[PDB]
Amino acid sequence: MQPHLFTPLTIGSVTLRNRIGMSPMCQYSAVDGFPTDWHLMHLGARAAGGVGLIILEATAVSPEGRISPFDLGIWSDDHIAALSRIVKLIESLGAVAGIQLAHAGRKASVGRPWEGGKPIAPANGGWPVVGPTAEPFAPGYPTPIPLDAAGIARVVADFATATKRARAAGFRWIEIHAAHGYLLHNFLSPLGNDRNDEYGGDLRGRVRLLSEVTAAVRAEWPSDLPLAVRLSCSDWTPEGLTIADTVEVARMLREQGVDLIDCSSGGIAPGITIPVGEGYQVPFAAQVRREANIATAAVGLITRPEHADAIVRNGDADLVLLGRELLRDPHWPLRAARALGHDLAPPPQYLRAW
């Protein structure tokens, strides 16, 4: 009589068949924000693998908000068609389709990870980036234009429009990317802010932008459908965001009608030694969930089925997200099920294999 890895989960009118999600993972394979056949196959395989929730990569609410020129985008109505096609593949295979709205902020305009991931200058078809202050992310990175009032309203509107498009594309779950040194986290974290205005200083100020985005997003997204935020729970130095801070943000987000905190960390700056290891971020998921009375997703080097189960049974999170493990093994849910002794049918096309 406790929740396990293969217990459904209901928020609003959306029921995940189990507690396994595919974590948002950029593919750097879009053209002008448009997906290719790559995306259909990549996301499809996991939905056929048996995960209950596919969350699409960081999808840029605007061109300047992309990590790379190859980022999936949602800044035009033209983006709706190919995304809904992806939604239909995913849902025919019994998973729920979700999407991560993103803005890379001062970390935008870089090359693909597998090409060294170096900043691309505006001469080579980069673009000027934005942020809370003109403080570059690292040596060699561009000097961001600090957002003023007009730039801030633009972002909120951009998230708001993106939300409409996601709805039209048939997504039944949306996550706001407010982690990994990107625009929202950059505002939230003391390490990147020097802003003395209402969008910095105190925690109440530093959270203002995430809060305006959340409200704009939430207002466009039917109360009926799950909304998530992904946070960088800790900056992993004493002078940055701590879990305590995160808890207070989660509490405020809950009040704004967010259904789930997806609990990540890192990214605000380079050179921060982060204690990586199996389930190293689960404790953040545990704390947020207890203390902010909100559902959480746990993530980071979760690869073993019994570990995933323990996370759900121990009430440390509601959702277990797999990144790399699902890249290695899109059929992991099916193996998880047999390892734990739960019932999961493969695609009918594959019955004669199992």
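Heads up: residue numbers just count along the shown sequence, starting at 1.
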Q: Would you determine, from the values in the PDB entry, which of 280-288 and 231-239 has the greater average C-alpha temperature factor?
A: 231-239
Q: Determine, for stretches 99-107 and 251-259, which one has the higher mean CA B-factor as deposited.
A: 251-259
Q. Based on what the PDB entry reports, which of 316, 37, 325, 57 has the top C-alpha B-factor?
A. 316
Q: Check the PDB entry and point out which of 192, 73, 151, 226 has the largest C-alpha temperature factor.
A: 192
Q) With respect to C-alpha B-factor, does residue 216 fall in the lowest, middle or highest third of the chain as deposited? A) lowest
Q: Would you check the entry's CA temperature factor for residue 6 and let me know if it's in the chain's lowest, middle or highest third?
A: lowest
Q) How does residue 204 rank on Cα B-factor within its chain, lowest, middle or highest third? A) highest
Q. Relative to the other modelled residues in the chain, which third contains the C-alpha temperature factor of residue 22: lowest, middle or highest?
A. lowest
Q.
Ranking the modelled residues of this chain by C-alpha B-factor as given in the entry, is residue 173 in the lowest, middle or highest third?
A. lowest
